[PDB]
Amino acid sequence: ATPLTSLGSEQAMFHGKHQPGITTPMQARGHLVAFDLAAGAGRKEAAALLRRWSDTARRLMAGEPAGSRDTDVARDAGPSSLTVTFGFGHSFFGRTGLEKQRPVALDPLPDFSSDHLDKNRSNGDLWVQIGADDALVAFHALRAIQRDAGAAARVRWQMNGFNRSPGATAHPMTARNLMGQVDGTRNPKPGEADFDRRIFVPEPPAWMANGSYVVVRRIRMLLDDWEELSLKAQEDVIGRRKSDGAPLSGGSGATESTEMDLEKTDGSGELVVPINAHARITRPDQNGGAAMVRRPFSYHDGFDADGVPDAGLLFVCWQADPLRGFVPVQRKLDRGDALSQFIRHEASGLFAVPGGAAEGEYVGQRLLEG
C-alpha cells in the first residue's frame, strides 16, 4: 500500500547526470519563470546568480530551508517531489560574452503562421521550472529563486500551472488535460534504446553535455468552441478515445496501450483514425523519427469580460535538438492538425538546459567557468 505521507516524503535528486524536471514524474503544481539580466550584469554576475540558485535548489529539494533567513512557508512539509530546473536563452550569450558558446540549437523557432505570441511573455535570458506536489513547497521555491535574483536579474514573465495530484485516482494512470483528453500515453521513456539519442546532448558545445533543449508554449484551449462539439468530433481531432485514450482503431477490448492502426478503414473506405488526427501526425514514425518528451502543466488564469477562459496547457517538451523534435512537428501541425482550430499559441520560449550539477557544483558551471 502507498501511504498518504509519501506525497510529502518523496524526494527528487538535485545532483545527477541530468537535471531534475525532465524525466521526473508529473507534479501537481508548477511555476515557470523567465528572468532577464539587469543592465551591467555580465558573466561574473551571471555565474554568481547560478551559484546562488543552485545552492538554493539543492537545499529546497532536500526539504531544508533556504541559505538566507527562510520564510517558513514550506516548514512542516517534506520535499514533496520538489524539482528546480535551469535553462539559458539565446539572448543570455550576448549579455555575458559567451556568443562562441551559444548552441546552434538555440536558433530562433520559426514564425509559424498560427503563432499569436506575446513577445514580452516569451523568451528571456534565463528560465526556471519549479514543480512539486505541494503548493506551499512550490511557492516557497519560486519565491526563493526569485529573491535570489535580486537586482541581478528581473522577472520577465511568470506562469502558474497545475496537474492531477497523487492519489486522486484509485490507481496511478495517465493524466488528463482541460480538453478532457488522456494526455501522456506515448512518450519516449528511459530504458528505450534510442531515448538518450532523442532527448539528451551526448558526452563526447561541451557545456551542454547531458543537457536537453526545452520548448515551452503557452497554449490556450478554445474551450467555448471545443465544448460544443460532439464526442465523435472531439475524438476525431485526436484519433483516440476520451474514455481511456485507446486508439479509434481499437474495438471494445482495446485499452490505452493498444497500438494504433493507421490503415484501418470503416465500411465506406474511410480511415478510422483521421488523416489529420493529432495523434497520427505527431508520431515519430510520421516525422522521420522526430521525437520529444512532453511534460506539461495545465493552467487557468481567469475569465475575460465576455466569459472566455484564459485556460489551456503550459506545453513543455524536451529534445536533444529542436530541429529533430518540436520544430518539424509544429511545422506540420501549424495548418495540418485538426487540433489547430481549437488552440492558440500565445507565448513561447526555447532554452538550453545543461546536465545536472555534481557534488559541489552549480548548474551551468562548465559554461560560466569555461
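Numbers follow the displayed sequence, beginning with 1.
According to the record, the deposited sequence contains 1 to 3 residues between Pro202 and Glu203 that were left without coordinates. Coordinates are absent for 4 to 9 residues of the deposited sequence placed between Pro204 and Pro205. Comparing 42-50 with 312-320, the stretch with the higher mean C-alpha B-factor in the PDB entry is 42-50. Here 122-130 and 99-107 are compared by their mean Cα B-factor, and 99-107 comes out higher. In the PDB entry, the Cα temperature factor peaks, among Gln286, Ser298, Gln158, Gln234, at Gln286. Taking the PDB entry at face value, the top CA B factor among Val293, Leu248, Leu222, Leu117 belongs to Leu248.
In the PDB entry, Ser91 places in the middle third of its chain by CA B-factor.
The PDB entry assigns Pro20 a C-alpha temperature factor belonging to the lowest third of its chain's modelled residues. Among all modelled residues in its chain, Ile343 ranks in the lowest third by Cα B-factor. Ranked by Cα temperature factor within the chain, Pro172 sits in the highest third according to the deposited record. Among the modelled residues of its chain, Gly180 has a C-alpha B-factor that falls in the lowest third, as given in the PDB entry.
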